[PDB]
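> Input: one structure, supplied below.
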Amino acid sequence: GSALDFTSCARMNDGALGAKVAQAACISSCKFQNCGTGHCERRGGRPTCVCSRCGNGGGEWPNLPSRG
């Protein structure tokens, strides 16, 4: 489909205003999928919306912590 964005956080590169739109769009979409929050993260040059603290999936582990 002819769309301006495929990801909620594409606007992250639309200036400071875009940053707010990006984060807002991201956070909202995350909540809808049962995620505590959302933040715009760039992956492979791609400005993607990544949800943090999700019910099923966790979030992220860059340092890789312990289990318990």
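As shown in the structure tokens, the chain order sets the letters A, B, ...; within each chain, residues go from 1, and ligands are also counted from 1 in the order they appear.
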With a distance cut-off of 10 Å and only C-alpha atoms, select the neighbouring residues of range 54-57 of chain A, excluding the residue or stretch itself and same-chain residues fewer than 4 positions from it, and output the selection as an MDAnalysis selection string.

chainID A and resid 30:31 33:38

> Nearest to residue 27 in chain A among A:48, A:65, A:7, A:39, with distances taken over only C-alpha atoms: which residue is it?

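Residue with the minimum atom-to-atom distance to residue 27 in chain A: A:39.
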
> So that I can check the secondary structure, give me every residue of chain A assigned strand (DSSP E or B) by backbone DSSP, as a list in words.

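Filtering chain A down to strand (DSSP E or B) leaves residues 35, 36, 37, 38, 39, 40, 41, 42, 43, 46, 47, 48, 49, 50, 51, 52, 53, 54 and 58 of chain A.
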